[PDB]
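Everything below belongs to my_file23.txt, which stores compact mmCIF, N, CA and C atoms.
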```txt
# COMPACT_ATOMS: atom_id res chain seq x y z
N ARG C 1 180.53 152.15 130.19
CA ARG C 1 181.93 151.96 129.71
C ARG C 1 182.27 150.48 129.66
N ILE C 2 181.76 149.73 130.63
CA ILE C 2 181.88 148.27 130.63
C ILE C 2 181.12 147.67 129.44
N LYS C 3 179.86 148.09 129.26
CA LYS C 3 179.05 147.68 128.11
C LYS C 3 179.73 148.03 126.79
N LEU C 4 180.50 149.11 126.78
CA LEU C 4 181.28 149.49 125.61
C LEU C 4 182.09 148.31 125.07
N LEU C 5 182.82 147.65 125.97
CA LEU C 5 183.75 146.58 125.58
C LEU C 5 183.26 145.17 125.83
N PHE C 6 182.40 145.01 126.84
CA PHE C 6 181.98 143.67 127.28
C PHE C 6 180.52 143.34 126.99
N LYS C 7 180.28 142.05 126.77
CA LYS C 7 178.94 141.48 126.86
C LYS C 7 178.59 141.40 128.36
N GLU C 8 177.75 142.34 128.80
CA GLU C 8 177.48 142.57 130.22
C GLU C 8 176.90 141.36 130.95
N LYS C 9 176.00 140.62 130.30
CA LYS C 9 175.39 139.45 130.93
C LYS C 9 176.40 138.33 131.17
N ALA C 10 177.22 138.02 130.16
CA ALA C 10 178.26 136.99 130.29
C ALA C 10 179.33 137.41 131.30
N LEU C 11 179.68 138.69 131.28
CA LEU C 11 180.63 139.25 132.25
C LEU C 11 180.16 139.07 133.70
N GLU C 12 178.92 139.48 133.96
CA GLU C 12 178.33 139.40 135.30
C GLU C 12 178.33 137.96 135.81
N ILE C 13 178.04 137.01 134.93
CA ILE C 13 178.06 135.59 135.30
C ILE C 13 179.48 135.14 135.69
N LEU C 14 180.44 135.47 134.84
CA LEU C 14 181.82 135.12 135.10
C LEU C 14 182.35 135.69 136.41
N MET C 15 182.08 136.97 136.67
CA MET C 15 182.64 137.65 137.83
C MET C 15 181.91 137.17 139.08
N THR C 16 180.62 136.83 138.93
CA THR C 16 179.87 136.22 140.05
C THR C 16 180.48 134.90 140.52
N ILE C 17 180.82 134.03 139.57
CA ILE C 17 181.49 132.77 139.89
C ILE C 17 182.83 133.05 140.57
N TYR C 18 183.58 133.99 140.01
CA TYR C 18 184.89 134.37 140.53
C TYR C 18 184.81 134.80 142.01
N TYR C 19 183.97 135.80 142.30
CA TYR C 19 183.87 136.34 143.65
C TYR C 19 183.26 135.34 144.64
N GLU C 20 182.27 134.59 144.18
CA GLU C 20 181.66 133.57 145.05
C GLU C 20 182.68 132.47 145.44
N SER C 21 183.44 131.98 144.46
CA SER C 21 184.45 130.95 144.74
C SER C 21 185.59 131.49 145.61
N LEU C 22 186.04 132.71 145.30
CA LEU C 22 187.08 133.41 146.06
C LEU C 22 186.73 133.52 147.55
N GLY C 23 185.45 133.70 147.85
CA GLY C 23 185.00 133.87 149.24
C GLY C 23 184.87 132.55 149.98
N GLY C 24 184.94 131.46 149.22
CA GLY C 24 184.90 130.10 149.76
C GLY C 24 183.60 129.34 149.60
N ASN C 25 182.72 129.80 148.72
CA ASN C 25 181.48 129.10 148.47
C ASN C 25 181.61 128.15 147.30
N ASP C 26 180.95 126.99 147.40
CA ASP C 26 180.62 126.20 146.20
C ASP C 26 179.68 127.11 145.41
N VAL C 27 179.86 127.18 144.10
CA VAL C 27 179.05 128.07 143.29
C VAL C 27 177.90 127.29 142.67
N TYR C 28 176.68 127.61 143.08
CA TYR C 28 175.50 126.95 142.53
C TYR C 28 174.89 127.78 141.43
N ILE C 29 174.40 127.11 140.39
CA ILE C 29 173.79 127.83 139.27
C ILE C 29 172.63 128.71 139.74
N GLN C 30 171.89 128.22 140.74
CA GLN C 30 170.76 128.94 141.34
C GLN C 30 171.20 130.26 141.98
N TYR C 31 172.34 130.24 142.67
CA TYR C 31 172.91 131.44 143.26
C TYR C 31 173.34 132.47 142.21
N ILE C 32 174.03 132.02 141.16
CA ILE C 32 174.42 132.93 140.07
C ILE C 32 173.20 133.65 139.54
N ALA C 33 172.14 132.87 139.29
CA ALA C 33 170.85 133.41 138.86
C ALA C 33 170.29 134.45 139.82
N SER C 34 170.40 134.23 141.13
CA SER C 34 169.90 135.21 142.13
C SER C 34 170.64 136.55 142.07
N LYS C 35 171.90 136.49 141.64
CA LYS C 35 172.81 137.65 141.63
C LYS C 35 172.82 138.46 140.33
N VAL C 36 172.56 137.81 139.21
CA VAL C 36 172.64 138.49 137.91
C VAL C 36 171.24 138.84 137.40
N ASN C 37 171.17 139.58 136.30
CA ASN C 37 169.88 139.92 135.70
C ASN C 37 169.57 139.08 134.47
N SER C 38 169.58 137.75 134.65
CA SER C 38 169.25 136.79 133.61
C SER C 38 168.35 135.69 134.18
N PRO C 39 167.43 135.18 133.34
CA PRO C 39 166.64 134.01 133.72
C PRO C 39 167.53 132.77 133.86
N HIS C 40 167.09 131.79 134.63
CA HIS C 40 167.86 130.55 134.82
C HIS C 40 168.33 129.93 133.50
N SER C 41 167.46 129.90 132.49
CA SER C 41 167.81 129.27 131.20
C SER C 41 168.96 129.98 130.48
N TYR C 42 169.01 131.30 130.59
CA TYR C 42 170.11 132.06 130.01
C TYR C 42 171.44 131.82 130.73
N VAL C 43 171.40 131.83 132.06
CA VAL C 43 172.57 131.47 132.86
C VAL C 43 173.10 130.09 132.44
N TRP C 44 172.19 129.12 132.32
CA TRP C 44 172.54 127.78 131.88
C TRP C 44 173.26 127.81 130.53
N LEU C 45 172.71 128.56 129.57
CA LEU C 45 173.30 128.66 128.21
C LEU C 45 174.72 129.24 128.25
N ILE C 46 174.90 130.31 129.01
CA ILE C 46 176.22 130.95 129.13
C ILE C 46 177.25 130.04 129.80
N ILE C 47 176.84 129.38 130.88
CA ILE C 47 177.69 128.38 131.55
C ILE C 47 178.15 127.31 130.56
N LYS C 48 177.23 126.81 129.74
CA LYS C 48 177.59 125.80 128.73
C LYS C 48 178.61 126.36 127.73
N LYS C 49 178.49 127.64 127.38
CA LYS C 49 179.46 128.27 126.50
C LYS C 49 180.83 128.40 127.18
N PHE C 50 180.81 128.76 128.47
CA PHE C 50 182.05 128.83 129.26
C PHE C 50 182.72 127.46 129.36
N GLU C 51 181.90 126.43 129.56
CA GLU C 51 182.35 125.04 129.62
C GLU C 51 183.01 124.65 128.28
N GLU C 52 182.36 125.00 127.17
CA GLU C 52 182.90 124.79 125.81
C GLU C 52 184.26 125.46 125.63
N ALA C 53 184.38 126.68 126.16
CA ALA C 53 185.61 127.47 126.12
C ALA C 53 186.65 127.05 127.17
N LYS C 54 186.37 125.96 127.82
CA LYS C 54 187.18 125.44 128.89
C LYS C 54 187.50 126.40 130.06
N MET C 55 186.59 127.31 130.37
CA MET C 55 186.75 128.32 131.42
C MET C 55 186.07 127.91 132.74
N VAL C 56 185.08 127.03 132.63
CA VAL C 56 184.43 126.47 133.81
C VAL C 56 184.26 124.98 133.64
N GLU C 57 184.06 124.29 134.76
CA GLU C 57 183.59 122.92 134.75
C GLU C 57 182.30 122.85 135.58
N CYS C 58 181.40 121.96 135.16
CA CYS C 58 180.14 121.72 135.86
C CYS C 58 180.12 120.34 136.46
N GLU C 59 179.44 120.20 137.59
CA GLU C 59 179.05 118.88 138.02
C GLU C 59 177.75 118.91 138.80
N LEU C 60 177.05 117.78 138.81
CA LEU C 60 175.80 117.68 139.54
C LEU C 60 176.06 117.02 140.88
N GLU C 61 175.56 117.66 141.92
CA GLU C 61 175.53 117.10 143.26
C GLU C 61 174.05 116.93 143.59
N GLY C 62 173.54 115.72 143.36
CA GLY C 62 172.10 115.46 143.49
C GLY C 62 171.33 116.16 142.38
N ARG C 63 170.48 117.11 142.76
CA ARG C 63 169.78 117.94 141.79
C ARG C 63 170.43 119.33 141.67
N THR C 64 171.62 119.48 142.26
CA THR C 64 172.27 120.80 142.38
C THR C 64 173.47 120.95 141.43
N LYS C 65 173.39 121.89 140.50
CA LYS C 65 174.49 122.12 139.55
C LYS C 65 175.54 123.02 140.19
N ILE C 66 176.77 122.51 140.26
CA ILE C 66 177.88 123.26 140.83
C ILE C 66 178.87 123.63 139.72
N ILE C 67 179.31 124.88 139.75
CA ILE C 67 180.18 125.42 138.69
C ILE C 67 181.50 125.85 139.32
N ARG C 68 182.62 125.43 138.72
CA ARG C 68 183.94 125.87 139.20
C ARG C 68 184.76 126.40 138.03
N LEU C 69 185.53 127.46 138.28
CA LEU C 69 186.45 128.00 137.26
C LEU C 69 187.62 127.07 137.07
N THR C 70 188.01 126.86 135.81
CA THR C 70 189.26 126.19 135.50
C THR C 70 190.37 127.20 135.73
N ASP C 71 191.63 126.75 135.70
CA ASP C 71 192.75 127.69 135.81
C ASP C 71 192.63 128.80 134.77
N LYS C 72 192.22 128.42 133.56
CA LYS C 72 191.99 129.34 132.44
C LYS C 72 190.91 130.36 132.79
N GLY C 73 189.75 129.88 133.24
CA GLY C 73 188.68 130.77 133.67
C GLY C 73 189.12 131.73 134.75
N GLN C 74 189.85 131.23 135.75
CA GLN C 74 190.30 132.09 136.85
C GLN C 74 191.21 133.22 136.37
N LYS C 75 192.18 132.88 135.53
CA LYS C 75 193.11 133.87 134.98
C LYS C 75 192.36 134.99 134.25
N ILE C 76 191.46 134.60 133.35
CA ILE C 76 190.61 135.55 132.63
C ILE C 76 189.83 136.46 133.59
N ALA C 77 189.14 135.88 134.57
CA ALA C 77 188.38 136.69 135.53
C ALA C 77 189.25 137.70 136.27
N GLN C 78 190.44 137.27 136.69
CA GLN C 78 191.36 138.14 137.40
C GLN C 78 191.78 139.35 136.56
N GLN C 79 192.01 139.11 135.27
CA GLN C 79 192.40 140.17 134.33
C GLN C 79 191.23 141.12 134.06
N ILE C 80 190.02 140.59 133.96
CA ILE C 80 188.84 141.43 133.80
C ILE C 80 188.62 142.32 135.04
N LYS C 81 188.82 141.75 136.23
CA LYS C 81 188.78 142.51 137.47
C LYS C 81 189.68 143.75 137.38
N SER C 82 190.92 143.57 136.93
CA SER C 82 191.82 144.72 136.77
C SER C 82 191.30 145.73 135.75
N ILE C 83 190.73 145.25 134.64
CA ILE C 83 190.13 146.16 133.65
C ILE C 83 188.99 146.97 134.25
N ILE C 84 188.08 146.29 134.95
CA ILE C 84 186.98 146.99 135.62
C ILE C 84 187.50 148.06 136.57
N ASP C 85 188.54 147.72 137.34
CA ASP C 85 189.21 148.65 138.27
C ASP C 85 189.78 149.86 137.52
N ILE C 86 190.51 149.59 136.44
CA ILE C 86 191.08 150.65 135.59
C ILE C 86 189.98 151.53 134.98
N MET C 87 188.91 150.89 134.50
CA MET C 87 187.80 151.61 133.88
C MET C 87 187.17 152.62 134.83
```

Please lay out the structure from this file as structure tokens.
Amino acid sequence: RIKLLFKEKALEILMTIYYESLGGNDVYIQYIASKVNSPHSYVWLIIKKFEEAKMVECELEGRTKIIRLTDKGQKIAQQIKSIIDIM
């Protein structure tokens, strides 16, 4: 039913960032990869699309890519959470 309406891979990435940040973790690209069913390169591509859409920001801490939701990204994730709940 989720696949009905959503691009499942992009959704899983977004909600992973949401829940990880909500719990108080810095969100690392490596961690998102451990949680979703996508190769590192695909996660990277989707993150760049989210960044383009102004939903996330990226920064490098040494060799470590950290991803944070913008206010826009957060709002969207919260609304998707309610849809998933309703579904």

* To do: Find the residues near stretch 18-21 of chain C: any atom within 9 Å, counting only C-alpha atoms, skip ones fewer than 3 places away on the same chain, and give them as a list in words.
  =>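 The residues that qualify are residues 13, 14, 15, 24, 25, 26, 27, 32, 68, 69, 73, 74, 77 and 78 of chain C.
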
* For the point (179.3, 125.8, 133.4) in file coordinates, what residues are within 6.5 Å, counting all atoms listed in the file? Give the answer as a PyMOL selection string? -> chain C and resi 46-51+56-58+67-68

Report, as lines of an AutoDock Vina configuration file, the centre and edge lengths in Å (one decimal) of the axis-aligned box enclosing every listed atom of stretch 12-31 of chain C, padded by 3 Å on each side.
```
center_x = 178.9
center_y = 132.8
center_z = 142.0
size_x = 22.3
size_y = 19.3
size_z = 22.0
```

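Among the candidate residues C:76, C:2, C:33, C:17, the one lying nearest to residue C:53 is C:76, with distances computed using only C-alpha atoms.
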
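The smallest atom-to-atom distance between residue C:31 and any of C:66, C:87, C:60, C:11, using only C-alpha atoms, is found for C:66.
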
* Asked: If you measure from atom N of residue C:80 to atom N of residue C:44, what distance in Å do you get, rounded to one decimal?
  -> 21.3 Å

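Separating atom C of residue C:70 from atom C of residue C:55 is a distance of 5.3 Å.
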
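Computed from the coordinates, the atom CA of residue C:30 to atom CA of residue C:75 distance equals 23.8 Å.
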
* Asked: Would you give me, as a PyMOL selection string, the residues in chain C that DSSP reads as strand (DSSP E or B)?
  -> chain C and resi 27-28+56-61+64-69

* Asked: Mind checking DSSP for chain C and telling me the helix (DSSP H, G or I) residues as a PyMOL selection string?
  -> chain C and resi 2-5+8-22+29-35+40-52+71-86

* Asked: Which one is closest to residue C:4: C:22, C:36, C:29, C:84? Count only C-alpha atoms.
  -> C:84
